[PDB]
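Consider the single chain below, provided in structure tokens and representing the form deposited in one PDB entry.
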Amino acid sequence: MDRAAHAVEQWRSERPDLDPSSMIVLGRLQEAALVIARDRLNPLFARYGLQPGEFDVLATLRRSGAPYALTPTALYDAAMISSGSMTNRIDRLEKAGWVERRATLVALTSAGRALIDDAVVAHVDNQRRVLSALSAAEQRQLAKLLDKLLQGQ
């Protein structure tokens, strides 16, 4: 038994007045997101010198198209993940020489564009290996269920 099933098993024994069924899916959702981020995605970003969430900024700017420049608001709306601390991430990336601030726009530098062009290839290869245990149909069904859950929020 994994953490979530063992936990639900203990609750049914200790608090039988409770219906702890919902704990499994949401506990596995949070643990999977945490373990994959911590042990799979972020070490790869770290090989490229990218902190948690800095990849998203570079990736969002790159896939917007030349000249790879977005307002900070467009940058937030087009981000893959709605995490916070966007001002401090742009600051960090500017000190590293990967973004600059034109006009208000945030723009990939040439070094930033090359970095993300390299990183995204290794990223998607890393992602497929993260999902290799799921079949193509299992991945698509998992993307459907996550969309339905996410729309419901």
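Between two forms, the rigid core is the largest collection of C-alphas that superpose within 1.5 Å. Throughout, we count residues from 1 along the sequence that is shown.
Unshown form deposited in another entry; subsequent notes refer to it.
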property	result
C-alpha displacement of 2 Å or more between the shown form and the other one on the rigid core, among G97, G84, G49, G65	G84
Direction of Cα pair change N88-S82 in that other deposited form, magnitude 3 angstroms or more	closer
Note on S64-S82 C-alpha separation in that other deposited form, which departs from the shown form by 3 angstroms or more	farther
